[PDB]
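Just so it is clear, the values below take in all heavy atoms, side chains as well, and ignore hydrogens, waters and symmetry mates. Throughout, a chain's letter reflects where its sequence line sits, starting with A, and its residues are numbered from 1.
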Amino acid sequence: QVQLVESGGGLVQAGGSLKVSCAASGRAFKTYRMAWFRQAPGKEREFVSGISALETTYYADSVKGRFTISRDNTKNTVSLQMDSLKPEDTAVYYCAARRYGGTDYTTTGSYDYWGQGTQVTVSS
Amino acid sequence: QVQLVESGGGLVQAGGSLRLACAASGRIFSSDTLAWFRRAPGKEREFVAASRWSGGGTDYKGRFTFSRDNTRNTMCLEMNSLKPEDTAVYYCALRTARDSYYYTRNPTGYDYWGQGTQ
Amino acid sequence: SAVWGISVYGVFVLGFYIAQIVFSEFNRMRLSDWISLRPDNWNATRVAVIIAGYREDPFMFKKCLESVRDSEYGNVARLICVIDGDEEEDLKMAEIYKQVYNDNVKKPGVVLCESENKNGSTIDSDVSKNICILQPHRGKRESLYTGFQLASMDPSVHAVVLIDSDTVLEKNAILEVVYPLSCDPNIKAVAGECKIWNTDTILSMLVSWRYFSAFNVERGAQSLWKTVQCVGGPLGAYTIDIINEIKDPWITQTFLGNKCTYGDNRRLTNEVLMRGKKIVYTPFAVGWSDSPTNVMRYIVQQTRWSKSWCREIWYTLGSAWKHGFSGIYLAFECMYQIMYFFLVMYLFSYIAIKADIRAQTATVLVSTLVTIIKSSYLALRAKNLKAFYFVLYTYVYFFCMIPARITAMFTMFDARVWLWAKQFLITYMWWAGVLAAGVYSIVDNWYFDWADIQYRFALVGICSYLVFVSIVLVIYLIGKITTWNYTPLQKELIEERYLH
Ligand SMILES: CCCCCCCCCCCCCCCCCC(=O)OC[C@H](COP(=O)(O)OCCN)OC(=O)CCCCCCCCCCCCCCCCC
Ligand SMILES: CC(=O)N[C@H]1[C@@H](OP(=O)(O)OP(=O)(O)OC[C@H]2O[C@@H](n3ccc(=O)[nH]c3=O)[C@H](O)[C@@H]2O)O[C@H](CO)[C@@H](O)[C@@H]1O
Ligand SMILES: CC(C)CCC[C@@H](C)[C@H]1CC[C@H]2[C@@H]3CC=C4C[C@@H](OC(=O)CCC(=O)O)CC[C@]4(C)[C@H]3CC[C@]12C
Ligand SMILES: [Mn+2]
Ligand SMILES: [Mn+2]
């Protein structure tokens with residue numbers, strides 16, 4: 001069992017740069033797969049990006065090059081880089097962790113652990 | 001250890017030929033020396049021919065040739081262009097290399113001897 | 001880093017193996033061309049056979065003597081058998097010798113190595129008759145010196161052949177190890193191929209295949225450049241003059257002031273190399289000898305061989321320059337062996353420390369590919385499908401050679417518990433360390449993720465490797481019950497062992 005806590009997140013104009021980080025404490029952080037999700041006020045939760053335990057990066061549609069993800073092992077922290085912000089991305093981001101799972105990785109049910117989340121606001 | 005049995009014999013005219021076969025009952029080891037010895041009435045045996053099991057050969061001649069089968073433990077020495085003085089009692093002898101590897105024509109060196117024919 | 005190391009390791013091993021294969025094929029072609037010009041019934045060179053043994057099995061000794069007698073060479077001056085006996089137990093070997101070769105057996109009360117007069121006339125007076133010498137137990141080197149002295153008595157002797165007390169020789173084995181001597185004046189030593197006849201255990205099969213691969217690849221490559229590092233122990237030939245010249249340095253070997261007892265068949269070859277002479281190995285001569293079937297004795301033998309190799313490579317490198325352009329390949333091979341051992345240790349340590357699942361999977365896959373390639377080459381060369389068992393040689397290599405190497409390196413310099421510690425304590429520590437590294441790697445990577453292709457690839461690779469290993473073991477077990485894996489020569493030996 002690990003505890004996920006986030007930091008950062010604030011108002012930023014379009015085209016700016018913003019950083020979000022998630023901190024996990026546990027027996028072995030490197031054995032947990034990390035992912036990022038969004039919760040728009042109109043639609044339900046959707047997959048955004050995620051990184052596996054073997055330094056494999058997965059990106060969803062329309063965020064293949066705009067978003068860059070990376071993880072750190074010595075401080076047990078994972079960060080997501082935000083580039084070319086768009087007002088349609090104005091939502092709340094949750095940090096999720098998973099140690100055992102199947103082929104499916106783009107659903108909220110597949111991830112057992114979740115974080116409190118931080119609100120990100122983008123204004124034109 | 002090794003028993004030598006010979007075959008062939010009879011009376012032949014001065015003009016003709018015949019073949020003699022000697023059978024060995026034992027292990028030759030591909031190194032023993034086998035020779036044919038004959039005795040004439042009133043004199044000691046004399047060397048005729050010999051050849052190692054692996055190979056080689058010697059005579060005395062040209063008239064008589066040496067052959068071996070090497071799979072049935074049999075040896076043959078046929079005679080061509082016989083002469084009245086060539087008639088004698090032929091013996092089959094074997095020489096062992098356990099004592100020494102040197103080659104000699106002395107009949108005393110040979111340890112195994114067979115019976116005589118004709 | 002890890003990928004670069006695996007890639008360079010693979011390229012290095014494959015390149016060296018292919019180069020050695022090509023060199024061995026060229027050497028085989030050269031020897032075939034030389035043999036094609038050999039006149040029939042060629043017995044120009046006079047050869048004396050020397051056999052040395054200690055507490056050999058009576059059946060094995062009798063079979064070896066019979067095989068020696070079965071040789072088709074017709075230019076053997078005499079047979080000399082030297083036994084370091086002088087005891088009631090060793091009288092069995094003398095009794096067996098009498099039933100096969102003559103009666104005259106001499107038991108001198110002194111050793112020619114420790115005597116003021118080392119000439120063979122003191123203990124022997126006739127050279128025509130075969131002689132057997134029983135002397136106090138000193139060593140294999142001392143026994144060989146007596147045979148060399150006895151052979152040198154006859155001026156007609158031009159070469160000598162050394163045969164172990166438990167070696168089965170073919171009819172043409174003697175001819176094939178003495179014909180290359182007359183081919184070139186610079187040739188002074190000839191080595192013959194040795195094949196293991198007993199393959200009733202999984203260890204025996206691996207040892208036999210390793211011996212066959214070594215003889216048919218590395219010794220052939222060395223013989224192509226005429227820089228053979230070690231001649232065949234059970235089957236080998238030497239020239240009388242070089243032996244007479246170098247017998248004293250061989251019998252007076254000093255490493256750091258202490259006499260060297262083991263390391264036979266290596267110091268003599270090194271001394272031959274120091275004179276600039278050429279050594280040629282022939283594959284057409286086949287000798288059959290037994291191999292150890294127990295892990296402990298195999299490890300002890302490999303440790304002794306490693307100690308001898310470590311002692312001898314210094315002089316080998318110091319004397320390789322005397323061959324001019326030749327010897328460069330020998331120095332390159334020695335550097336290959338040293339760098340290969342060091343690189344294997346470094347990769348093992350890196351794998352143990354990092355424990356990255358992608359690294360072990362790739363290493364296992366490349367090792368499996370190398371083993372398959374080597375087994376295919378051995379099967380093509382030997383025309384036998386049993387050569388595929390060489391893939392299992394990796395386990396015995398890892399569990400035997402490295403502990404033996406560590407023991408040789410550590411014990412080279414400086415009750416029963418202390419004596420037993422010097423043999424297998426290092427091997428037990430190595431096994432414990434390997435097990436600890438394995439369990440640490442398993443525990444540290446205790447996770448499952450089917451959404452990652454890399455983890456899926458590693459799991460598929462390791463599952464396939466285990467499945468292949470299980471299939472090979474099952475095939476070997478089936479063959480053992482059917483007794484198809486038994487060598488053709490082993491069937492007879494069993495038959496007249498039962499009928500005895
Ligand atoms: C369909 C045809 C057949 C296809 C076959 C291939 C596909 C198989 C099926 C794949 C599909 C996924 C479904 C699999 C179902 C079974 C797996 C499963 O559900 O459990 C996985 C296991 C969970 O076990 P647990 O730790 O108890 O967690 C339970 C949490 N409730 O989680 C685990 O921890 C299991 C993993 C164990 C750890 C393995 C780590 C391997 C590391 C290798 C180290 C190598 C060391 C080398 C040593 C030498 C080094 C030189
Ligand atoms: C097939 C094969 O690769 N055999 C090798 C193996 O021998 P191997 O594994 O056969 O071990 P053994 O010592 O039993 O046999 C070696 C031979 O040397 C004789 N002997 C032994 C002890 C002694 O004090 N005096 C003596 O003459 C033995 O009788 C025997 O005939 O390791 C030896 C090094 O140690 C090598 O020389 C051999 O080439
Ligand atoms: C938790 C415990 C019980 C499990 C321990 C696993 C390891 C002890 C096994 C698994 C697979 C084996 C490996 C498979 C292949 C090879 C290649 C081999 O090198 C060669 O192929 C040399 C070829 C030649 O020149 O003869 C060295 C041993 C090695 C690493 C083996 C070492 C032992 C390994 C690591
Ligand atoms: Mn033995
Ligand atoms: Mn032995």
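Electrostatic pairing of C:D449 and C:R456 does not count as a salt bridge here, judged by no charged N lying under 4.0 Å from a carboxylate O. A salt bridge links C:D356 with C:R358: the closest approach of a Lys/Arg side-chain nitrogen to an acidic carboxylate oxygen falls below 4.0 angstrom. A salt bridge does not link C:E25 to C:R30: none of the charged side-chain nitrogens sits closer than 4.0 Å to a carboxylate oxygen. A salt bridge links A:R66 with A:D89: at least one charged nitrogen is closer than 4.0 Å to a carboxylate oxygen. For C:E312 and C:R266, the salt-bridge test fails: no basic side-chain N is under 4.0 Å from an acidic carboxylate O.
Relative ring orientation between C:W430 and C:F348 is described as tilted, the plane-to-plane angle lying within the 30° to 60° band. Aromatic ring orientation, C:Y428 versus C:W420: tilted (interplanar angle from 30° to 60°). Relative orientation of the C:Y395 and C:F399 rings is tilted, given thresholds of 30° and 60° on the angle between their planes. Ring pair C:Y455/C:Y447 is tilted by interplanar angle, where 30° to 60° counts as tilted. By the 30° and 60° cut-offs, the orientation of the rings of C:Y17 relative to C:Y377 is perpendicular. Aromatic ring pairs are classed by plane angle as parallel below 30°, tilted from 30° to 60° and perpendicular above 60°; the pair C:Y336 and C:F16 is parallel.
Using a 3.5 Å distance cut-off with no hydrogens or angles, the side chains of C:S204 and C:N198 do not pair a donor with an acceptor. Of the N and O atoms on the side chains of C:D200 and C:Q490, not one donor lies less than 3.5 Å from an acceptor on the other residue. Side-chain contact of A:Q3 with A:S25: a donor-acceptor pair under 3.5 Å is absent, judged by distance alone. Side-chain atoms of A:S21 and A:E6 include no donor-acceptor pair closer than 3.5 Å.
Taking the ring axis of A:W114 as reference, the NZ or CZ atom of A:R98 does not stay both within 45° of it and closer than 6.0 Å to the ring centre. Note that C:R210 lies outside the cation-pi zone of C:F390, set by a 6.0 Å cut-off to the ring centre and a 45° limit from the axis.
Taking CG of C:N27 as the reference point, atom CH2 of C:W225 lies at 10.5 Å (rounded to 0.5 Å). The NZ atom of C:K480 lies 9.5 Å from the OG1 atom of C:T199; values are rounded to the nearest 0.5 Å. Taking CD of C:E218 as the reference point, atom OG of C:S213 lies at 6.0 Å (rounded to 0.5 Å). A distance of 9.0 Å separates OG1 in A:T31 from CG in C:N445, rounded to the nearest 0.5 Å. Between A:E46 atom CD and A:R38 atom CZ the span is 4.5 Å, to the nearest 0.5 Å. Between atom CD of residue A:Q81 and atom NZ of residue A:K19 there is a gap of 4.5 Å, rounded to the nearest 0.5 Å.
Scanning both residues, C:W209 and C:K386, for their nearest heavy atoms gives NE1-O, 3.2 Å. Of all non-hydrogen atoms in C:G232 and C:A191, the two that sit nearest each other are N-CB, 3.5 Å. Residues C:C400 and C:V295 approach most closely at SG-CG1, 4.3 Å, considering heavy atoms. A pairwise comparison of heavy atoms in A:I69 and A:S79 identifies CG1-O, 3.7 Å as the closest pair. Taking both residues in full, the closest heavy atoms of C:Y440 and C:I353 are given as CE2-O, 4.3 Å, listed atom of the first, atom of the second, then distance. Contact record, C:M409 with C:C310: CE-SG, 4.4 Å, taken as the closest heavy-atom pair.
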Quiz item: Does the pair C:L466 and C:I462 meet the rule for a side-chain contact (heavy atoms from CB on, under 4.5 Å), with working shown?
Solution: CA-CA 6 Å; C:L466 276 296; C:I462 192 65; 3.8 Å; yes
Quiz item: Could you walk me through whether A:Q119 and A:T121 pass the side chain to side chain donor-acceptor pair (under 3.5 Å) check?
Solution: CA-CA 7 Å; A:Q119 211 278 338; A:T121 309; 2.4 Å; yes
Exercise. Take C:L343 and C:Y9 through the side-chain contact (heavy atoms from CB on, under 4.5 Å) test and state the conclusion after the steps.
Key: CA-CA 8 Å; C:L343 183 63; C:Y9 182 76; 3.7 Å; yes
Quiz item: Hey, mind stepping through C:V472 and C:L392 against side-chain contact (heavy atoms from CB on, under 4.5 Å) and telling me if it holds?
Solution: CA-CA 8 Å; C:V472 172; C:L392 298 182; 3.7 Å; yes
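Between A:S49 and A:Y58, the closest side-chain pair of non-hydrogen atoms is not below 4.5 Å. Residues C:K307 and C:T411 form a side-chain contact, since some pair of their non-hydrogen atoms from C-beta on lies under 4.5 Å apart. Within the 4.5 Å cutoff, side-chain heavy atoms of C:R405 are placed close to those of C:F341. Within the 4.5 Å cutoff, the side chain of C:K354 has no heavy atoms near those of the C:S1 side chain.
Crowding of A:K30 atom NZ: a count of heavy atoms from other residues, nucleotides or ligands under 6.0 Å exceeding 12. Counted within 6.0 Å of CH2 on C:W4, heavy atoms from surrounding residues, nucleotides or ligands total 12 or fewer; the atom is thus considered open. By the neighbour-count criterion of 12 heavy atoms within 6.0 Å, atom CD1 of C:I338 is densely surrounded, having more than that number from other residues, nucleotides or ligands. Environment of CZ in C:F410: sparse, with no more than 12 heavy atoms of neighbouring residues, nucleotides or ligands closer than 6.0 Å. Under a cut-off of 6.0 angstrom, the local environment of OH in C:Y346 is sparse, with at most 12 non-hydrogen atoms contributed by other residues, nucleotides or ligands. More than 12 non-hydrogen atoms from other residues, nucleotides or ligands lie less than 6.0 angstrom from CG of C:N294. Annotation: C:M335, atom CE; neighbour count of heavy atoms from other residues, nucleotides and ligands within 6.0 Å does not exceed 12. The 12-atom threshold is exceeded at NZ of C:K422, counting heavy atoms of other residues, nucleotides or ligands nearer than 6.0 Å.
For A:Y100 and C:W450, the gap between ring centers reaches or exceeds 6.0 Å. Residues C:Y329 and C:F332 keep their aromatic ring centres 6.0 Å or farther apart.
Checking each of A:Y32, A:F37, A:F47 against A:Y111 for a ring-ring contact (aromatic ring centres under 6.0 Å, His included) leaves exactly one that passes, namely A:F37.
For A:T90, there are no side-chain hydrogen bond (donor to acceptor under 3.5 Å, both in side chains) partners, not counting sequence neighbours.
Side-chain atoms of C:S464 come within 3.5 Å of backbone atoms of C:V460 as a donor-acceptor pair (strictly under, hydrogens ignored).
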